[PDB]
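Okay, structure first, notes after.
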Amino acid sequence: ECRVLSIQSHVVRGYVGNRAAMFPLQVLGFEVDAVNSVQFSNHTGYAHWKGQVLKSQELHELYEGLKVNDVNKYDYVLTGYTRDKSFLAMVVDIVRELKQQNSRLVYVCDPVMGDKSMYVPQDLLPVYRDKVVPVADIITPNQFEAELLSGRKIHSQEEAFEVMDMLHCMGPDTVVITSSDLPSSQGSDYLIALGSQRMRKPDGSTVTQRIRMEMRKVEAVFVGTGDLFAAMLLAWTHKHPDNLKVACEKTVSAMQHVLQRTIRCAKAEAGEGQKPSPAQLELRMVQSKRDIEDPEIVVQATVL
Amino acid sequence: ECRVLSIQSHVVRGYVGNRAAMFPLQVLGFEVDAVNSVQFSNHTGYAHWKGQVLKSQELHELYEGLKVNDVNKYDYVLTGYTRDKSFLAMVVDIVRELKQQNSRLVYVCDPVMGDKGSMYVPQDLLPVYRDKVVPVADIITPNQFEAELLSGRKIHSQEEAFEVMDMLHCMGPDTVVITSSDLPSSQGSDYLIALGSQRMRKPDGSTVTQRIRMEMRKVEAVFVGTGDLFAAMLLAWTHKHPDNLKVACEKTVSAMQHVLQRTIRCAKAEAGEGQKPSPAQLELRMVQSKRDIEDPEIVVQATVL
Ligand SMILES: Nc1ncnc2c1ncn2[C@@H]1O[C@H](COP(=O)(O)OP(=O)(O)OP(O)(O)=S)[C@@H](O)[C@H]1O
Ligand SMILES: Nc1ncnc2c1ncn2[C@@H]1O[C@H](COP(=O)(O)OP(=O)(O)OP(O)(O)=S)[C@@H](O)[C@H]1O
Ligand SMILES: C[C@H]1[C@H](OC(=O)CCC(=O)O)O[C@@H]2O[C@@]3(C)CC[C@H]4[C@H](C)CC[C@@H]1[C@@]24OO3
């Protein structure tokens, strides 16, 4: 009954892009139309990868194939890692058309550009800033990406929430900073994620719910975690459209279950005292099915 | 634990090929490496479609990317509808190498070539399925027409069907399931007949052939991707019951019945009362059938012959 248009990458092996997004959404009861932006043997963090990428016009052809059959009707649009601005532009056009057809459609966008350094071309920052985010309704930046989009560096929680208010003003009524460098109150092994939802009264007035979350840090580099986060937040905010606290609690708890199982299995595969390889660190998503369906709450968000 | 390499089609909307195979398998606890042989907006039963076809060379590159990283290691290989001889040939080469690395790899093949009388595959492929693919396959799920094509013998009776399936066993696969047939049922013209045959090697060294018949009630609609779902779920349940084709087929067929009944109900509801459901309204309701796929209640029982 709830259909999501997910335009993301495909990997033969592993869980990034649509591989990390469609399984949890399907298991949580969402219908998914998946446009695969690329097909690689595996994600680029491996020592090697081979495959091909889809051209923006090819994406357009697929969308028109759906349209002429009159099955271009969606409740959600979901996007993530992209390296070509033509593709982003086409995505924006599609989102505009669908929003003209459905006033209530929700565009969930993970604005993937960099972390801590930019790993996408610089000319994408303007596109995300001036074309994509303005038509987005939920965004899942990290601190670096929030700073790049806002043009202001974040040095404190207050500055972070002011940046998130700026991002709200740019478009999205829901903004989650997934990772940050702010200090946790439980020590160096816990990380901070902030959340802000701008809800609208019967008047034109704004009321912004703000939450802060601390989650333990797993000692490994994972790929696809942001795609999985964005998909599960889509699902849980759909279940809890006015309670960002609960949605984020469920999402982060599911993430923590998945990543804890993954790290344990990964160091099982590798020898004791051996750093697991990227191949050994692939998210154990199959084995996490139930955790994704009904996660045990292991994190508590503070409403501020 | 159990990793399946599934090389099949991908549709943006709907459930055919990998779309109809990866979700059940993932929900049944299998890890799935998915090579999408094509990407189309939707399957050919719609008014229109658009998409791209992956070339054999690209497939080879993807497999070589897996190989170069030393993660081309599998317990199962799953294939279905293909139209290019080059692609099929490449798939056979991959199966041969994987079997050289693991002698216990099981290749589940649906040799899709036609149905009813209509061949919807290039005639270039029948020689290839007969002489290269079926020989290295371990489980096949053809329909009556496809079994007749691979064997070259017309089937007029159940006994002749099991003879054809013995010939197919000789070609390679130790498990052969004919998924649909024109054979009359004993419960009404509205039931379909499916047959199964498994050669299993007793510890004595001798081999015994278990044979089974199944009657399933027909659903009055034309569905797409049924074969893909069937082969995937049969892979799963024969992994869980490697020596009891009866139970594996019972569970596969029960899941199928649940999915199809839910799909026709929801499609008739979406369309009007007295309205023919469209191909779009008859897309398999896979998500909403999750539980029935995870633990199907047995709605059909196979007759051991
Ligand atoms: N090592 C880790 N420890 C704990 N949580 C992690 C870890 N890696 C990823 N996460 C989780 O994944 C989410 C973010 O995904 P990331 O891969 O960190 O993406 P990012 O760094 O936020 O950049 P993205 O992809 O644009 S949001 C966080 O909210 C965490 O829940
Ligand atoms: N209309 C239907 N009514 C009941 N069961 C069906 C129907 N269509 C397909 N099935 C089930 O799907 C299975 C086989 O899928 P089919 O689409 O029939 O395969 P086929 O296309 O006849 O030959 P394939 O595709 O190469 S296995 C059957 O064994 C049935 O259980
Ligand atoms: C109409 C035919 C087209 O066929 C071509 O365009 C032939 C190009 C070529 O393979 O050289 O693509 C596909 O191909 C497969 C093998 C995958 C599944 C099908 C798609 C889901 C829909 C299109 C259909 C399809 O049929 O079966």
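What follows is calculated from the coordinates using simple rules that are stated; it is not laboratory data. No Cβ is skipped: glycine too gets one built from the backbone with ideal geometry, and neighbour counts run over all protein chains shown.
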Segment B:268-291, subset more than 12 Å from chain A (Cβ to nearest Cβ) and touching a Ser or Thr at 6+ places or on another chain (Cβ under 8 Å), residue nearest to B:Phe223 (Cα to Cα): B:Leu282
Positions within segment A:8-31 being surrounded by 24 or more Cβ atoms within 10 Å (Cβ to Cβ) and part of a helix (DSSP H, G or I), in sequence order: A:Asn18, A:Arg19, A:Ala20, A:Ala21, A:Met22, A:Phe23, A:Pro24, A:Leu25
Near pairs, Cβ below 9 angstrom, 6+ apart or cross-chain, from segment B:248-276 (closer than 30 Å to B:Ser197 by Cβ) to any residue that is within 16 Å of ligand 1 (Cβ to nearest atom) and assigned to a helix (DSSP H, G or I): none
Residue among B:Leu25, B:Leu62, B:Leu54, B:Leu5 that alone is more than 7 Å from chain A (Cβ to nearest Cβ) and over 19 Å from B:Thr238 (Cα atoms): B:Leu54
Condition check for A:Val120: among the aliphatic types (A, V, I, L, M) and within 26 Å of A:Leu194 (Cα to Cα): yes
Of the criteria (1) within 22 Å of A:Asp242 (Cβ to Cβ); (2) basic (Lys, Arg); (3) within 16 Å of ligand 1 (Cβ to nearest atom), which one A:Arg129 fails: (1)
Among (1) closer than 22 Å to A:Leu5 by Cβ; (2) touching a strand residue (DSSP E or B) at 6+ places or on another chain (Cβ under 6 Å); (3) surrounded by fewer than 18 Cβ atoms within 10 Å (Cβ to Cβ); (4) more than 7 Å from chain A (Cβ to nearest Cβ), the one test that B:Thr44 misses: (2)
Criterion (within 30 Å of B:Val287 (Cα to Cα) and under 17 Å from the mean Cα position of the chain (by Cα)) met by exactly one of B:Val35, B:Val71: B:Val35
Count - residues of segment B:234-244 that are buried (at least 22 other Cβ atoms within 10 Å of the Cβ) and either within 10 Å of ligand 2 (Cβ to nearest atom) or among the polar types (S, T, N, Q) (or both): 2
Selection within segment A:65-87 - more than 7 Å from chain B (Cβ to nearest Cβ) and part of a helix (DSSP H, G or I): A:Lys67, A:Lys85, A:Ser86, A:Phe87
The one condition in (1) away from ligand 2 (no atom under 12 Å from the Cβ); (2) basic (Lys, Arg); (3) touching a helix residue (DSSP H, G or I) at 6+ places or on another chain (Cβ under 9 Å) that B:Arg104 fails to fulfil: (3)
Leading residue by the ranking (farthest from ligand 3 (Cβ to nearest atom)) among those in segment B:112-143 that are assigned to a loop (DSSP other than H, G, I, E, B) and within 15 Å of B:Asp174 (Cα to Cα): B:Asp138
Flag for B:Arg211 being part of a strand (DSSP E or B), in contact with a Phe, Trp or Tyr (Cβ under 8 Å, 6 or more places away or on another chain) and surrounded by 15 or more Cβ atoms within 10 Å (Cβ to Cβ): yes
B:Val112 being buried (at least 19 other Cβ atoms within 10 Å of the Cβ) and more than 14 Å from chain A (Cβ to nearest Cβ): yes
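Kindly indicate which of B:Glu146, B:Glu163 is assigned to a helix (DSSP H, G or I) and surrounded by fewer than 19 Cβ atoms within 10 Å (Cβ to Cβ).
Exactly one residue qualifies, and that residue is B:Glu163.
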Scope segment A:195-208; condition part of a strand (DSSP E or B), surrounded by fewer than 18 Cβ atoms within 10 Å (Cβ to Cβ) and among the polar types (S, T, N, Q); matching residues: A:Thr206, A:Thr208
Some residue of segment A:95-107 being within 15 Å of ligand 1 (Cβ to nearest atom) and within 14 Å of the chain's Cα centre (by Cα): no
Boolean, A:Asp75 is surrounded by fewer than 19 Cβ atoms within 10 Å (Cβ to Cβ), on the phi > 0 side of the Ramachandran plot and of a type in the set (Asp, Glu): no
Selected residue (criterion: nearest to ligand 2 (Cβ to nearest atom)) from residues of segment B:245-273 that are surrounded by fewer than 24 Cβ atoms within 10 Å (Cβ to Cβ), within 18 Å of the chain's Cα centre (by Cα) and farther than 21 Å from B:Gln288 by Cβ: B:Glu250
Only one of B:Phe223, B:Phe230 that is within 16 Å of ligand 3 (Cβ to nearest atom), within 18 Å of the chain's Cα centre (by Cα) and either surrounded by fewer than 15 Cβ atoms within 10 Å (Cβ to Cβ) or not in a strand (DSSP E or B) (or both): B:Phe223
